[PDB]
Amino acid sequence: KXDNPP
Amino acid sequence: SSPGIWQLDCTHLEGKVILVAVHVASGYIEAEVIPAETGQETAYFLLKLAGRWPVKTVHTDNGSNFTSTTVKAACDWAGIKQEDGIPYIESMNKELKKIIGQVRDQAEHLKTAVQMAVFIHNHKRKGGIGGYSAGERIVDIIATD
Amino acid sequence: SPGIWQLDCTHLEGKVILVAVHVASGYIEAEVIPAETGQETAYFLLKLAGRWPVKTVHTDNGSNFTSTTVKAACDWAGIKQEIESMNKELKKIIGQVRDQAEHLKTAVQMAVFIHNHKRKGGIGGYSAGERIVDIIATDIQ
């Protein structure tokens, strides 16, 4: 993830 | 109020969005103009904030930006407890737009007027000339040694 | 001084990173910008100064630091214009967590997070984040 999953 | 607790509120001006983070115990603020109240921009805002202060808890307006999984994942990565709908800072918005009014003519762009306003808010002597400014109070509250 | 900062440019993946280091603590802030412009520098310095008590900034000597917009920001904020140790370090950190994020922006602020909160030394150690607020809280006496 961290801004756009995964 | 505890040292690790922040309130996040949006405010709108000239068709742009200002995200505001208020350190509850001190009244210290920081803020940014973002394009719109999306998950990505909120997440990014929180992550910057948490990199600079020891942010334990955030109280939000529970707007849809905060319920997104982007923000939830930002808060979990930073170990921030997110507390949606929990109130406490609404004056903070009227105050900030006021100070923005006073500097607005010294800046080409709103975003610069917002930072100048943050600066002025954070440096003002609260309670006479024997007092402390919000920027002084936060470092005092947060300081461990 | 509680008030001395160094400001630095760093370039990777084609974008520019502006890094401010509080000299006495090793505390950093960083913003990722399209280009190293007078507009972005001034803006960055205004955010910086609204947050911390900035007195003096040490800068490379680029034209971005000498535009009239930067001087008006520095004059307005009361800032005076004039280690890579925490710059190679930022680069190192971005690369260790870079895979964890899509956008360069986001890994930069993760790396600033990690740097500012990492305890240095053993039990008894401090993080850069704690050193800055301690230094400035002490100085407010």
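Side chains included, hydrogens not; waters and symmetry mates left out as well; all remaining heavy atoms used. Chain identifiers are assigned alphabetically (A, B, ...) following the order of the sequence lines, protein sequences preceding nucleic acid strands; residue numbering begins at 1 within each chain.
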Per-pair distances, 0.1 Å, donor-acceptor, side chain in residues 133-141 of chain C, under 3.5 Å, sequence neighbours excluded:
| unit_1 | atom_1 | unit_2 | atom_2 | d |
| --- | --- | --- | --- | --- |
| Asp134(C) | OD1 | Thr144(B) | N | 3.2 |
| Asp134(C) | OD1 | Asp145(B) | N | 2.9 |
| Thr138(C) | OG1 | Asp134(C) | O | 2.9 |

Would you tabulate the side-chain donor-acceptor contacts of residues 42-52 of chain B under 3.5 Å, counting partners in other chains and residues two or more places apart, or write 'none'?
| unit_1 | atom_1 | unit_2 | atom_2 | d |
| --- | --- | --- | --- | --- |
| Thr42(B) | OG1 | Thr38(B) | O | 2.6 |
| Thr42(B) | OG1 | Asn65(B) | ND2 | 3.1 |
| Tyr44(B) | OH | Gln109(C) | NE2 | 3.2 |
| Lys48(B) | NZ | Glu32(B) | OE1 | 3.1 |
| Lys48(B) | NZ | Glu32(B) | OE2 | 2.8 |
| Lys48(B) | NZ | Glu31(C) | OE2 | 3.4 |
| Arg52(B) | NE | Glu30(B) | OE1 | 2.9 |
| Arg52(B) | NE | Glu30(B) | OE2 | 3.4 |
| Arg52(B) | NH1 | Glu29(C) | OE1 | 3.2 |

Quick one: does any side-chain atom of [X] pair with a main-chain N or O of [Y] as donor and acceptor, under 3.5 Å?
{"X": "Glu136(B)", "Y": "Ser133(B)", "value": "yes"}
{"X": "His22(C)", "Y": "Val54(C)", "value": "no"}
{"X": "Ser1(C)", "Y": "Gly3(C)", "value": "yes"}
{"X": "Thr59(C)", "Y": "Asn61(C)", "value": "no"}

Which donor-acceptor pairs under 3.5 Å do side chains of residues 10-17 of chain B form with protein atoms, sequence neighbours excluded?
| unit_1 | atom_1 | unit_2 | atom_2 | d |
| --- | --- | --- | --- | --- |
| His12(B) | NE2 | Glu37(B) | OE2 | 3.2 |
| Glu14(B) | OE1 | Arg104(B) | NH2 | 3.1 |
| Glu14(B) | OE2 | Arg104(B) | NE | 3.0 |

**Prompt:** When hydrophobic residues are tied together by side-chain contacts of less than 4.5 Å, even through go-betweens, does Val20(B) share a cluster with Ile100(B)?
**Reply:**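 In one cluster with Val20(B): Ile100(B), yes.
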
**Message:** Hydrophobic clusters here meaning ILVMFWY residues chained together by side-chain heavy-atom distances under 4.5 Å, can you tell me if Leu110(B) and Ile29(B) are in one?
**Reply:**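 As far as the 4.5 Å side-chain criterion goes, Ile29(B) and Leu110(B) are connected within one cluster.
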
[X] versus [Y], closest heavy-atom pair with distance:
{"X": "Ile17(C)", "Y": "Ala30(C)", "result": "CG2-CB, 3.9 Å"}
{"X": "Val118(B)", "Y": "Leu96(B)", "result": "N-CD1, 4.2 Å"}
{"X": "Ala107(B)", "Y": "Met116(B)", "result": "CB-SD, 4.4 Å"}
{"X": "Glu41(B)", "Y": "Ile34(B)", "result": "OE1-CG2, 3.6 Å"}

Please tabulate, one pair per line, all N/O donor-acceptor pairs under 3.5 Å involving side-chain atoms of residues 74-87 of chain C, not counting sequence neighbours.
| unit_1 | atom_1 | unit_2 | atom_2 | d |
| --- | --- | --- | --- | --- |
| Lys80(C) | NZ | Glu82(C) | OE2 | 2.7 |
| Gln81(C) | NE2 | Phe65(C) | O | 3.2 |

**Asked** Hey, are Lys98(B) and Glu95(B) close enough for a salt bridge, meaning a charged N less than 4.0 Å from a carboxylate O?
**Response**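 A salt bridge is present here (some side-chain N lies under 4.0 Å from a carboxylate O).
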
**Prompt:** Which pairs count as side chain to side chain donor-acceptor pair (under 3.5 Å) when at least one residue sits in residues 116-132 of chain B, sequence neighbours excluded?
**Reply:** none

**Asked** According to the interplanar angle, ranging from 0 to 90°, do the rings of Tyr27(C) and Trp52(C) count as parallel (below 30°), tilted (30 to 60°) or perpendicular (above 60°)?
**Response**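 Rings of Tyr27(C) and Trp52(C): perpendicular, over 60°.
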
**Prompt:** Who passes side chain to side chain contact (heavy atoms under 4.5 Å, CB included) against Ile89(B), sequence neighbours left out?
**Reply:**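 By the side chain to side chain contact (heavy atoms under 4.5 Å, CB included) rule, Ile89(B) matches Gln7(B), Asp9(B), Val22(B), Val24(B).
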
**Request:** List the steps and the verdict of side chain to side chain contact (heavy atoms under 4.5 Å, CB included) for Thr67(B) and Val71(B).
**Result:** CA-CA 7 Å; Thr67(B) 39; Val71(B) 164; over 6 Å; no

**Asked** How far does CG of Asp3(A) sit from CD of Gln40(B), to the nearest 0.5 angstrom?
**Response** 7.0 Å

**Asked** What's the spacing between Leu18(C) CG and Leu7(C) CG if we round to 0.5 Å?
**Response**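 So the CG of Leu18(C) and the CG of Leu7(C) are separated by 5.0 Å.
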
**Request:** For atom CD of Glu90(B), decide whether the heavy atoms of other residues, nucleotides or ligands shown that lie under 6.0 angstrom number more than 12.
**Result:** no

